[PDB]
Structure formats: structure tokens, C-alpha cells
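Listed below, chain by chain, are the residues.
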Amino acid sequence: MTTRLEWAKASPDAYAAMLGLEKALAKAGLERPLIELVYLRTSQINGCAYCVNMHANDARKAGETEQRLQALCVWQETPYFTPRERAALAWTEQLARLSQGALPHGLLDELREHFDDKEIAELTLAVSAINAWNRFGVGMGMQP
Amino acid sequence: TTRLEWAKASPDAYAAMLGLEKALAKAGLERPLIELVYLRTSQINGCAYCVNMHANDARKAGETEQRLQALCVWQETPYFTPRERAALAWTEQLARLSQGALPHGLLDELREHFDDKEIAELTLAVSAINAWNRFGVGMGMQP
Amino acid sequence: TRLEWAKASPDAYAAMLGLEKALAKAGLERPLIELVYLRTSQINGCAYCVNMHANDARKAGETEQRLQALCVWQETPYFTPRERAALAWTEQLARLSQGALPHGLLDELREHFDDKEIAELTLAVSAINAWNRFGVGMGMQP
Amino acid sequence: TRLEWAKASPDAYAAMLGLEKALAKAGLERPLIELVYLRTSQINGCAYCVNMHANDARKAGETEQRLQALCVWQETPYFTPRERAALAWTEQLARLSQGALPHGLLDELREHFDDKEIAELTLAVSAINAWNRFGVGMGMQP
Amino acid sequence: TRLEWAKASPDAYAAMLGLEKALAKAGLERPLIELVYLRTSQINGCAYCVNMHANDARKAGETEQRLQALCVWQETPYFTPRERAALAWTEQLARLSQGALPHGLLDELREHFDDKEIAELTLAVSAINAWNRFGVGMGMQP
Amino acid sequence: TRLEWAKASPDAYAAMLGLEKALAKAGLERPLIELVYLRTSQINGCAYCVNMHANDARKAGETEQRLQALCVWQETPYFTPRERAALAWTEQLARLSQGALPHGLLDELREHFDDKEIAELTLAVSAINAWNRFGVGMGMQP
């Protein structure tokens, strides 16, 4: 990492609070490989190069396949993802671009074809946290 | 009103999110600035639950009907301090992170008004409301 | 202001005031017109109009809760089905430059308004769209 | 038309007609106004107004080359520095809902128009923006 | 032009011409291809191509009313179902960078065209999208 | 695929292949071309092309760090000045439907490439844009 402002040095509290997001999802029932896809697809949408690099590397270390890794930015028209992963990425895409308009009503319905309500909160936790990391990532000018 | 009571489905999720709130309660950054950050991001993201909560909180604190109504269109008004306007510029750009690059001279601009600890706390504020909005919209919360 | 356009062109101003005279004599509820003006001025980024029409709406006894929730009205229970159908029209027509409007849309507001009300709502929308272009164009701050 | 808005509200029709009376009296060139009208109608997707104003410009003869190049006017050499300035304005005010307008813009047109003219141009912009909303919303088709 | 690219790379020019050579041989009707070419060049902001294909279309018959209405074709009564299907395809493939194609679109197209004609329509779309890229990139003017 | 377009139109497919034959004879580095193809397909949403060009880039060189960073290339240190100039051109021309090309942009790539190289680059950009339209349009999946 290179950065324009060492935000964990300047505010240990903020850094500790953000780790708390990670600590809660580390405990989550939701699969780590799904979460990695959510982190990776979100960081791509948000243009956070540090987080893209980080989370591609982690998904790959856990053996994520180069085929799914390269195709994730265009997942909709690929045969590579399960209906469960696809519902979670639809959620991810829409919630990454929340500034752009209303979220479709039936999206949460589609999720619950594939996930229980606890998984959905954990999923939304993951979206929420990466969107948070990306904002420090890009705002503080961090680079891989 | 909600479609999914997520704080009950995942107590860990809720605590962690409260964690962000506990950290900003300890922040040096002023609460009335945090309220405008929260209210404005909530407007941008279309979180009607959060817009309602944070408008209400700013007002009780609080904080002036003219500034609350003008906030959505702050840029072209004379109601906000140079420092508030630096933070609101930051807030607008970071709400719309999916939409493109961040103006590369922008962080330099809020360095004219905040120190680095404050920048970090501001970005924490920006990041937390962005997160709460994702919950408010995702779970279909209404005022 | 950057350019006092009413002094520059008295004719333009009186044509613009004439829009207000036509809808001052409209059978459409004033409080609703106020919400059309405020929402449109929000969408178009006209601080002068936002301040003016929030202030007039409040003066006329609109609620703070409704005034602060207007920008996110879709996901609130504060507005009547009638107000909601007008605000959906307001929103689409504010953004006319950004694509087609759904054809089912006029049929939908037809369920809430008669044809004279629709025509009057559309005048309201056009007028504030008009006022907003002068507001922003000429650099008016509130 | 799906809805006879002039029949439904005679006051709306008369107010709008009054905007056309003000600009009929204005100093600003008619051929410039027809380009403003046609370009806005293109951006707003009002097929009724595009057909009406392209026909009217052709009738006053306006020049098929300029009519066909209007929609891409920026990278053509068919338009004057004064038309280009008015068309930049037209473009920005059509799209007012999409964000703020660049502050240099009003400064730039003051290099080509005096303040009375700017007020008349802006009236033309607002007027056609208004007609387009009636045209599209009421489902007019040529 | 800012860069005479055919001279710089006669090979590039030769492969680009090969697109036009294949479409010359196509079953698909020339007047439809001109509309596709015209509408794409409008959308992509290539004034060079706009000028060229409006001119070609007209000198081949085709009708001032249809040429002025092309840019708002959707809300006009001027175009056949066959042409409407190709223009929707054209609009969407012009704006490929802006999101996904409706899955229904190809099926819709299949009601009016055979698969050979679709392939040829896609070639046409692809070719003008290619020509506009040189046209705008190399700073060519009409 | 939803439509075997090479069988429906052998002539379309031969023409498209002739674009690839021309760029195979180009001086422009193949590694640079695979990045332009890959980045364009990402932007245009062609999963078929993204798979193919990710795979060919990896075969041949080239280095997971770069493949995964490409979609966010601007904010990485992984790409050379020459490559960054070509990727700015690629991004802009991918999104031609969205506005005017920045006016100093050719002159910037001109600091890194001679004119032949910038007919070849623009040929690559144009060809992958064309391939993406067949891929998305015919509903091809990897």
C-alpha cells in the first residue's frame, strides 16, 4: 500500500471500528468465497484499486478459479455462477449504485429464494462494509 | 416498518454497525457537521428512514429550518461555512463512488479546513451513513 | 443574481407571471402545487426556488415531516395516493431529457385526477421547470 | 393527442400562448429561436415539436445541412459563434435535472448577446421546455 | 481531419472497407441500413458520418419528414414495424457501454427479420460504430 | 449462442475476421492489443470476449496482477505511460455514445505513439467494439 493520508494512524478508533465489521463477518454463517466475490465486485464498481487487488488475491489464495475471477465484472452473461451467487451479486450491484436510484422491490424476494434472513443480513453487512472500506480506499488515495 | 428485521437476524451485524456509531461518539469532529453529512448522504441514497431520522436529529440538536431545506441544494446557497462546504463536497463525491473517479485535488481541498484526524473521522462518518443507508434501503425500512 | 432578467426583459417576466395567474385560478389544490414546485426545484438544483417554495409551503402550514421527506417521498407513508401520482408525474417530466416516459403513466394519474386537473398539474410542472431554468441560468441564490 | 389539454384547461392554453406572444415581440432572431426549439425538442424526445419546428425552420428556409447537423452541432462548422453560444445554453438548460451548470456558461454567452437578449433566449428555452412537457406528457404525435 | 489514418495504415483502411464490401453483398435493404447508419452517427456524435449518411439517405429517396424525425423515431408514426425493430437494436447496441441488452430484444427482432438479416443488421451496426470511432477519434469534420 | 451468426452470414464473419488479419500485421505490440480488447469487453459487458481475451492475454505473458487491475487501471501503478495513454483512448471510445471526446486527447496519445500506431490502435478499439456487439447481441456465452 501507498496512501495520501494514514487514516489508521490519525484515527485508531475509526480503524478499530472498521475492523469490527470484519470481526462480525469473520463469525458469520455466510460462505467466505461468496463474501470475497461481493468484496471484489463492489471494489471494481467503486474504482478502489487497493481493495480490488487485495480481494482478488484472497479469493485466489482460497482457490477461486481464474475463470470466475476474470468473468466477475460481467457475471450476468456467464454460466459460471450459481443462482445463489447470482442473487447476491445482483444485490451487490444495486447496493453499490445506491446513489443512482431506487432499488427494485423483488430483489429481496429473489435473495430469499436462496438465502435465509440471517444470511441476507450477513450479506448486507458484507456489502455495507466493503462500500465503507472502498470509501477510505479511494478517499485517502490508497494504491496497491 | 421493515421487510426484514436484520438486527434480530444477525445481532453481530447490528453490534458491529453500532461500533461505528460508538467510534464517532468519541470523535473530535462536531456532531452538527456529522448530522448534515448523514442527512445529505441519506438524501443522495434515497433512504427515507435515514433522511427522516437525521433531519429530526439535526433539528432537535438543532439546527435551523433554512439549512435543513437548503441542504439538498447546498452548493448554490450562502448558508454553510467553508468547512461545512468542504465536508459536503467530500460527502457528495463519496456517496457517488460508483459513478467515477474522485477529483484528485479534492482531499487537498479539505486539508485546508480539517486536520488528518478530522478527515479520518469525517470519512468514517461518510462511510457509516453509507452503510446504514444500504441497510435502510435493502431491508425496505420506512419512516 | 448575476443578471436581473425581469428588468432586462419585462415581457418575459409578465409572460412568466401569466403562468402563475393561470394556475392561481386552478381547481388543483394549492398545497399539492407547492409540493410539485418544491420537488422539481430540488431535482433541477434551483436553490432560489427550493428556499422560496419550502418557505411558502411552510407558511401555508405544511408539515416539517412532509417537507423533509418530499425528496424521498416514494418510500414514505406521508403522502396521499393523489399526491403520489402527481409526484411520479413531476419526477418523470423534470427528467424528460433523460428518456421516454412510460405510456401507462397518464393512465395511472387518470385514476386520481380528471383531465382538467392533469392539464393543470402539467402547467404547474412546466411553469416551475420554467422558473428553475431562469433561477439557475441567471445565477439567483436564495 | 391522448388528452386535449387546451380543451381541458383553457387557462393553461392562454398562459402558454402568452409565452409565445412575449417572444414574438422580442428582439432575438426568429431563425435562432427555431434552432433552440428544435434542439430542445430533440433532447426532450418530443416528436410532435421536433416535426413542427423542423418544418417551420425549413419553411423560413433554413438549410437542410444545418437542420440535419443540429443534433450534433458541436463538431460541425455550420453555426455562428452566436448560435453556438445559444445552443450550449439550450443544451445545458434542457438537461438541468442532470446536475449543476458550469458557471462560465453565462459569462460566455454575454460575449455574444446583451442582457435583454439572454433573458429572451432563456424565455425561449423555458417556453419550449414547457411545450415539450405538454407534448410528451399528453402524448402528442405528429 | 487531424490524422489521415487511411494513409498511415492502408491495411486498417482495407479491413474497414471489407466491412462495407460484405454489407454491399447483404440481402438487407439499403434504405434501412442508411437509417441504422444515420441514427448511430447521431448517437455517437460523429458529424462527419451524420452529414454523409443523411445525404446518402436523401439522395435515394427518403423523405425529409423521416430524416428529421429519426432522432426521435420511437414516438413517431413514420417508420414500419421492421424499421422500428432495427432502430431499437441500433439504439441499444450504440449504447452497449451503458448496461445489458433486454433479452427480449433478439426475439422481437426475430418477428420481422430472418437470422441472416439479423446478422447483417448487426454487421451494419458494428461497422458504423467502427466508422464513428475513426470519425470522432481522428477529429474528422464535414 | 442464441444465433449462429457466422453460419447465417458467412460474409459478415469473413469481414470481421479480416479486421483481425489486418491487426495481426500491425506493428502495434500484441500485449497492448489484448489489454484494449479485454478492457473494451469489460466496459461493453461481453462475457464471451472477456473470457477469450483474458485467456489469450494470460497465455502469452502477463501477469495476474495486471489482469485483475485492468478494470481499475487508472488508480494503479502497474501500467506504463504508453499503455495508460492507449487505455484512456479505449475507455473514451468505448463510451462514444456518452459525449464528446476530450479535445486534447489525440494530442496526448500522440506523445506516445506515431500516427501509424494510432490508426492501428483505433482499428483494434473499433474491432473489439464490433466483436462485442455480435457477442452481446447474438447472446454468446463463454
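Please refer to the structure higher up on the page.
Asks: Just checking my understanding: could you explain the overall build of chain A for this structure?
Replies: Scanning chain A from N- to C-terminus turns up eight helices and zero strands. Seen in sequence order, chain A has helices and strands lined up from the N terminus as α-α-α-α-α-α-α-α. Scaling as 2.2 N^0.38, a compact globule of 144 residues should have a C-alpha radius of gyration of about 15 Å, and chain A matches this with 15 Å. In terms of its C-alpha atoms, chain A occupies a principal-axis envelope of roughly 45 × 30 × 30 Å. For chain A, the proportion of its 144 residues judged to be buried stands at 61%. Taking the intrachain contacts of chain A between residues at least 6 apart in sequence as the baseline, contacts between residues at least 24 apart amount to 67%. Carbon and sulfur atoms make up 53% of the accessible area of chain A, which amounts to about 5300 Å² in all. Separation of charge centres in chain A, based on 15 positive and 18 negative side chains, amounts to 6 Å.

Asks: When you look at the environment of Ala54 of chain E in this model, what are you seeing that I'm missing?
Replies: When you line up the elements, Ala54 of chain E lands in helix α4 (residues 47-58). Once the C-alpha coordinates of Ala54 of chain E and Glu64 of chain E are considered, the two residues, ten residues apart in sequence, prove to be 9.7 Å apart. Ignoring sequence-local partners within four residues, the contact set of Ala54 of chain E consists of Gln68 of chain D together with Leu38 and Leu67 of chain E.

Asks: Help me understand the relation of the copies chain E and chain D, please; the structure alone is not making it clear to me.
Replies: Note on the identical chains: chain E maps onto chain D by a rotation of 180 degrees and an axial translation of 0.0 Å, with an RMSD of 0.2 Å. What the superposition gives is, in effect, a two-fold axis relating one chain to the other. Identified as the residue of chain E closest to the rotation axis by C-alpha distance is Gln68 of chain E, at 3.4 Å. Of the interface residues in chain E, 100% have counterparts in chain D that sit at the interface too, so the contact is made through matching surfaces.

Asks: Would you take a moment to explain the packing of aromatic side chains for this structure?
Replies: Working definition: an aromatic ring pair is given by the centre-to-centre distance plus the angle between the planes. Taken as a whole and assessed by the stated rule, the structure comprises 20 aromatic pairs over all chains. Ring geometry for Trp5 of chain E and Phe134 of chain E: centres 3.9 Å apart, planes at 25 degrees, overall stacked. Of this pair, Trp5 of chain E sits in helix α1 (residues 5-8) while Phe134 of chain E sits in helix α8 (residues 115-137), and the two are 129 residues apart along the sequence. Residue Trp5 of chain E shares its accessibility class with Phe134 of chain E, and that shared class is buried. One aromatic cluster in this structure is built from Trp7, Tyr15, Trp133 and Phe136 of chain A. When the ring centre of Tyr37 of chain E is taken as origin, the NZ or CZ atom of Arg30 of chain E, which lies over that ring, is 6.0 Å away.

What counts and what doesn't
- Here, residue numbers run from 1 along each chain following its sequence as written; these need not agree with the numbering used in the entry, and residues that have no coordinates do not appear.
- The lettering of chains begins at A and the numbering of ligands begins at 1, in the order of writing.
- With hydrogens and water set aside, each side-chain value is computed from the structure's full complement of heavy atoms.
- Here a helix means four or more residues in a row that DSSP labels H or I, a strand means two or more in a row labelled E, and each is numbered from the N terminus.
- Restricting the calculation to C-alpha atoms gives the radius of gyration, and the globule rule supplies 2.2 Å times the number of residues raised to the power 0.38.
- Only protein chains enter the calculation, and the probe is 1.4 Å; a residue is then buried if its accessible area is under 20% of its type maximum, exposed if over 50%, and partly exposed in between.
- Whether two residues are in contact is decided by their heavy atoms: any pair within 4.5 Å suffices.
- Accessibility throughout is a Shrake-Rupley quantity obtained with a 1.4 Å probe, and a residue counts as covered only by protein chains that appear here.
- In this tally, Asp and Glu contribute negative charge and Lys and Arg positive charge; neither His nor the terminal groups of the chain are included.
- By convention, the point assigned to a charge is CZ for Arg, NZ for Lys, CD for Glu and CG for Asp.
- Superposition of the copies is done by least squares over their C-alpha atoms.
- By convention, a stacked pair of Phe, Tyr or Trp rings (six-membered ring in the case of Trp) has centres within 6.5 Å and planes under 30 degrees apart, an edge-to-face pair has planes over 60 apart, and any other such pair is tilted.
- Definition used: whenever NZ (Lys) or CZ (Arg) falls within 6 Å of the ring centre and also within 35 degrees of the ring normal, the charge is taken to sit over that ring.

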